[PDB]
Structure formats: structure tokens, C-alpha cells
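Trainee: Let me give you the structure first, and then I'll get to my questions.
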Amino acid sequence: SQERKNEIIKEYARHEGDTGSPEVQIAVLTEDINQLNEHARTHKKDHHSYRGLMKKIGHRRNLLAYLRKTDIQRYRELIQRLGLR
Amino acid sequence: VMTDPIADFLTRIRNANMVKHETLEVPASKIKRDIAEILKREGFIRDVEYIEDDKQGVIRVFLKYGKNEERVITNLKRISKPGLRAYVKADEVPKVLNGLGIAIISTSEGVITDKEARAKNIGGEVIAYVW
Amino acid sequence: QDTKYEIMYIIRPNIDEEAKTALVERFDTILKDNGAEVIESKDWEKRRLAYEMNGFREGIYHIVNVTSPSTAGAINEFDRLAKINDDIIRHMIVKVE
Amino acid sequence: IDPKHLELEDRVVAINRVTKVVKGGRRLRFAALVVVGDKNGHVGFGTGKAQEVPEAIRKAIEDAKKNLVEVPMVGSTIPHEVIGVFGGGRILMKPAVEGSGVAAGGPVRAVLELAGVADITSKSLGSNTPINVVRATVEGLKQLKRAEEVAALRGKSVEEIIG
Amino acid sequence: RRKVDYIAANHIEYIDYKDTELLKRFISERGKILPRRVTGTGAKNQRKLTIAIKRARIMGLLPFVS
RNA sequence: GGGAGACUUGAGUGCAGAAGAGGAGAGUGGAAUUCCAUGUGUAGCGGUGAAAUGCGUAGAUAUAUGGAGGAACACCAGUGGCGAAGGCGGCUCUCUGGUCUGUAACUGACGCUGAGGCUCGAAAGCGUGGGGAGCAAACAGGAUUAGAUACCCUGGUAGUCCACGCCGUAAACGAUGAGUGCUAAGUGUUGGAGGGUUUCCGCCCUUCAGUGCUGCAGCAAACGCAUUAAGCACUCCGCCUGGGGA
Ligand SMILES: [K+]
Ligand SMILES: [Mg+2]
Ligand SMILES: [Mg+2]
């Protein structure tokens, strides 16, 4: 949702202007992915939506790889905040 | 993407040459500037000019024709593809068409011709022939 | 966000105004019970139908403009109850901008 | 582009007996390919057809005279390597050293001996159809160039180009 | 041929299935919907008209047949 | 190439908009068939190249009023739309995905390809349980035929349908891998945006993303392709090395 995405940007971002950043993107994608996994458990047959789920997941994984390359401290802080492995 | 802007530059030149266009514009880099200057001062091009814009310096070319019809350039070809890069020694320097064309080489001295390379007794990476 | 829902439904032609008004108020009351705010309730027309929808070739149309969340089950409740009720012939819902 | 005032002499590549079919069996004609030249640079080829070998030869010669082209030479050699393509016939021709003679076994040998190229190294990569190999040959000899021409185009001098 | 849409000319929008006055002229006899190439509407408006007409049919405002 | 940086065009996020048989779940519909019931009415109906099997006097066909049940959605509907493909057309609602346009705020090369793996995947088919209107392999009978293990006809079982789990194949085809850039033009068309007019409508010009036709260069063995390339180029993956055996 737009209000939830606003909250997530304001929380995880470095500024109120820095809408775009890896931590911001990943924080949005994780909530979207949780909603989609619940939707999939409720709608097991919607493979057409599971595809977009996997695409979002790959996007998040690539962002996380960029973070592991550039800033390992930022990476670990992010993952402690989010709860990912 | 643009995994080979040098070859994109060469092919854009080739395409414009085949349609007999008069000029070109390209997102430039320093190696493109070197190649364009070499062509300028070797006779395959009439003129070349620069343009400075924030994202990337554009370079524009003004091609050459013996008449309205006849072409000075016939075709070009990159050898370092880059999937297989072509490094060569001062003896293995190519001789494009027995001296009627030119090979474009980068060496410790810089970006130069087969003339200068085979004279100085250096070699380097080959990046383009020109028939 | 709360989404606007036009709701038509077809009252039988030979019902009394008393029970009819209590019935419209019932459905509005149930929408409000499930949490869907009714902004307008109005009878559209009484008409000769295109065919015999419940045997009655004639009908009386009512419109119920509503604002509510999509998660609220107000529309589903109105739906099941109009199905069960044999007085109204059809209902129909329209998501509106 | 004129066969006039030239001592063109000819040579036949091949006569392919070639058939049309009719209700009354087969209408057998002879098709010939001939290459003619002056052994100075000027060479051409022609296709002829007729119910007679010499008639098709005459027609092909008369068509070859009307389609000449001039090849450059450098001490009985071509200036630079070239690849000629014409629809299935790839031929590469290299400038060879003097005294090495010709390296071909016809039709290319006929074309180049008539054009006057005494010393060359060639190879037919693709097909073997005499017509199209000869056509790729002339296409390559058309791709070829002259140092004076290229230097007048480029503006640079001849020595300034060859280095 | 260059033809005009009723909807575009009238500056009408948000087509309600209740609007029998506007939907019934896009209908031939026995309830069939006129083709776009007959009437001269846009694709967007034509599809909105299809949906509105089908709504009207199921709601008895218009007939499926006759 | 390695390392320390810096930038925004690429890639992506954000604002605002657009479209849509995009997908899954739920319910609802009118038409038509089949069956059942009620009347009318009575000798043929059906079917064929011919006939015949069949059904019908125990009331057929047909006709009119209802009811049950399943499946598919006339017009709109179009080399039109969406989707990675397969595929997806009644209607409404719940949840949800991708795409396009501007915007130039933000990150600042984060991208592409991608063996091996994972997922999806026409129809047939398999397992369990429902259901089964019509259609229909197998099968029966009538015919035809020299024969007819077929084409034709009358019937008709699995199956077609629903839920789950398996299968994982296709002329799964644009018989054209994905990505990027460059390269005459013409014309329609879908979704937008901007501008110059127009009382609005509308027309015009530009531009993006698709979707068709004609066609220059070039390519092609030819057929044909041609800004939706089969042209010029580059990166990666998959694949071929005569036919059969196989
Ligand atoms: K089954
Ligand atoms: Mg199946
Ligand atoms: Mg075409």
C-alpha cells in the first residue's frame, strides 16, 4: 500500500528525499514478498502471480549482492533490521 | 548494455557510409576521440567535432566521399571482439591490404597506427582494421 | 481506501409501501452493521422489464450508493441475504470511481 | 568500358548441355560460358545459349565484349588480398611473389591468365559452378583498388600512405 | 470514413448501464450490439458500451433477444 | 584486469496518470440442446448418393407452459488486447501480478546472458471421489465394398466437466533464442503524452510503447526478409556436422 510504503521509506531511508536506495527497495520488497507468500498459500493455483513473486525475490537478491559487495556493515545492519538470512 | 561501444561506433560509421549519409553523432569516449582523430589525419574522414554535455561528451563526424557518389571508406572490422582479444608483437603487426588500408593499435605509447608501431618496434592490442 | 459501490436491486412490483420501506431500511441497516456507510438510497423507476425475471414482468428499481473498504464483508452479506430473500428479484454491484 | 580498339582473345570455360522438356520429349540446348580479355587488365565474361556449340560460343563472346571490366596490376600481380562472393561462390585471391606463377585450375586460371595476372595465389572455398565462381572472381577484382585512386580520395600521398 | 462518436460529440463519460437512452441507439433489432465499424465509436468507449449493455440486459433494462 | 574514488545516460525506486478475454477464489445470469411433467393433435419422424438400423399408435415428431441437470458464452469480436510461453472471451465482487506513458526527485553500473538446478506448461492419459446435458474413441447394428477390422447412418462406453495429486509431450510454429545499438520511407491500427488550431467534438504536427501491410538499401541458393529484419555489429546460452539403423 502507498501509506505502508511511505512509512517504510521514512523508516529505512537515509533521508526523506532518498526514496531510491538498496535498503529502501529491499525493505519494500520484503513486505511485498510476505504479502505475496500469504496470498500464494491462500491461492496456491495462481502461478501467474508466483512468477512476479520470484521476480521480486531475484531483484531483492541482486540488491543484497550489491550491498555485500560495497558495504558489508550496511549489509549486516540492514539484515539485522529486516530479519533475513 | 553496449558491451562494445568501439564496435558500435565502427558499425554506425559503416551504416551511415552505406546509406551515404553525411554526418554522425555518437556518445563518445577518449578512445573514440583517438580513433576519430586518426581517421581525420589519415584521410578516411573529412572532419570531426566535439560536443560537451553533462551525461557524456558527444562526438560528431563529417564523412568523406570522392564525389557525390564515391566512398573513401569501404568497410571496417574490429578484431578484439572482445570475446577474444587480439594482442600482437612488433613483428606480428598486421599490414591492412599491403598498405592501402590501416590497422588501429593501442600501445604503451598510446593509440597509433601500424606504421608507427612497426617503425618504433612495439606492438599492442589491435582494435580495428580499415579496408 | 474506501471504494464507492453502486448497488441496484429489483423490488417486486406488488409489495406494500410499509414493508417495502422497512425492507430498504433493513438492507441499509445491515450494510451499516457490517460497516459500509450508505450515502444515498433512492428509488429509480417502476418499469416493464425486458422479460420475466421472477415471473413478474414488471419491477421497481432501487439504488444504494455506498462507501466502504473492500475487505469489509458488507457486500458479501448484502449478496447472500438478497439471494436468500425471495422478494427482490436481482441485485447487482458496481465498483465506481 | 568499350571493347573497341582492343585485341580481345577468348577462352571457353564450359559447355553445359542443358534441357527443356516438351510434350514431344526433350529440347536439348547447349549453354556456354566464355571469358575474353586482352591480357592488359581488361577482361569480361559472357553467357550464350544455342542448339549449337559454336553458336552459343559466338553469342557468349558477343555478350562478354559488352560487359568488360578493368583489373589493376602490380608487376603481374594484384595489389592486395580480396574476397569475392557471388551466391555460393567464395574466392579469395592473394598477391603472390614473382615467378610463383598462377595457382588455380580453371575457370579462375582462365580469367586471370586472360586478364594478365601472371603470379597469384587463389582458392575456391565454396561451390564449383563455373558461372558463379567466375562472377565472384570479377566481383573481387572490382573490389580491388589503385594506390593513386585511394591516395587521391584520402588526400594523402602514395608514399605517405604505404609508409 | 471519418465519422463522429456520439459520446465524444456529447462530452459524456462514465457510461452507466442505466442510460438506456444512450445505449439503445447502439443496438440493432433483437438486441444485437451494433459493430464499431457501423457506429463509429472508439475502442475504449465501445468496450465500455459492451459492458454497460450487458449489465442492462441482466438488469432487465434491455432485452437479450426481440 | 586489481584497488581508492567521482558522475548519470544504462538498470531500478518514488510522484501522477492509462489500458487490458492477465491470473486464482466465490457467486449469478439469458439463449440453445437433452430429459421430466401438463395440455393440443395423430401417422409417420429421423436419416441417406440410395436406402436401411432406429424411434413411433402404449401417443412419436411437432406445438405451447413450467421444472431438473450439465456444458459453453450469439452480437460486440478486429493480421484487436493481455500474458514469458501454454493460453485467456457472459456478468459482478475479493485478492493479486506484469506492462506503458510522462515526470528527472532518488540509488548511482547495482546490468545482460545464464550451463547445472527450480518453476510453469495445449490436448490425450493415470490415481481418488463426485458428476455426466450434449458430443464421442472402444463397441454394437445397419449400409457400402471383391473385402471394409474405415469413410456414411442410428445408438453408444471410457473420456470430455469439478477438487486434489501425477504425467511434462505437440506442426509446444513467427517451423526465426535473449539483450543492446545503428540503418530509406509509406500506410492503417491499440494505449498514452506533448504542442497548434477547433464552440467542444474533431483535425493536424511531434514522440514513446506495441500491433499489421507495401517497400529502398543490404541480405538471401532461392522463396522471401526489410526499425516487430532473415540487414550491419557485439555479449552469452542452447544446438548441427550426410540418409537410415534410431
Ligand atoms: K479422471
Ligand atoms: Mg486433460
Ligand atoms: Mg514485406
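Residues in the C-alpha cells are named by chain (A, B, ... in the order shown) and by number from 1 within that chain; ligands are numbered from 1 in the order shown.
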Which residues sit within 9 Å of ligand 1, counting only C-alpha atoms (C1' of nucleotides) and all ligand atoms, listed as JSON, numbers by chain?
Mentor: {"F": [126, 127, 128, 159]}
Trainee: Please tabulate, as CSV, the residues of chain E that come within 7 Å of chain F, each with its closest pair of atoms and the distance in Å to one decimal, counting only C-alpha atoms (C1' of nucleotides) and ordering rows by chain, then residue number upward.
Mentor:
```
residue,atom,partner,partner_atom,distance
E:8,CA,F:201,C1',5.8
E:9,CA,F:201,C1',4.3
E:32,CA,F:75,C1',4.6
E:33,CA,F:75,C1',5.3
E:35,CA,F:76,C1',6.3
E:50,CA,F:76,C1',6.1
E:55,CA,F:91,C1',6.9
E:58,CA,F:29,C1',6.7
E:64,CA,F:30,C1',6.7
```
Trainee: All residues within 10 Å of ligand 3 are required, counting only C-alpha atoms (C1' of nucleotides) and all ligand atoms; please report them as a list in words.
Mentor: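 Those residues are residues 213, 214, 215, 224, 225 and 226 of chain F.
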Trainee: For ligand 2, collect every residue having any atom at a distance of at most 12 Å from a ligand atom (counting only C-alpha atoms (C1' of nucleotides) and all ligand atoms); output as a ChimeraX atom specification.
Mentor: /F:122-126,159-161,167
Trainee: List the spatial neighbours of stretch 87-95 of chain D as a PyMOL selection string - criterion: any atom at most 12 Å away, only C-alpha atoms (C1' of nucleotides), same-chain residues fewer than 6 positions off excluded.
Mentor: (chain B and resi 97-98) or (chain D and resi 72-81+101-104+107-109+112+117-141+143-144) or (chain F and resi 219-222)
Trainee: Tell me the residues of chain E close to chain C, meaning within 6 Å using only C-alpha atoms, as a list in words.
Mentor: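 Listing them in order of chain and number gives residues 60, 62 and 63 of chain E.
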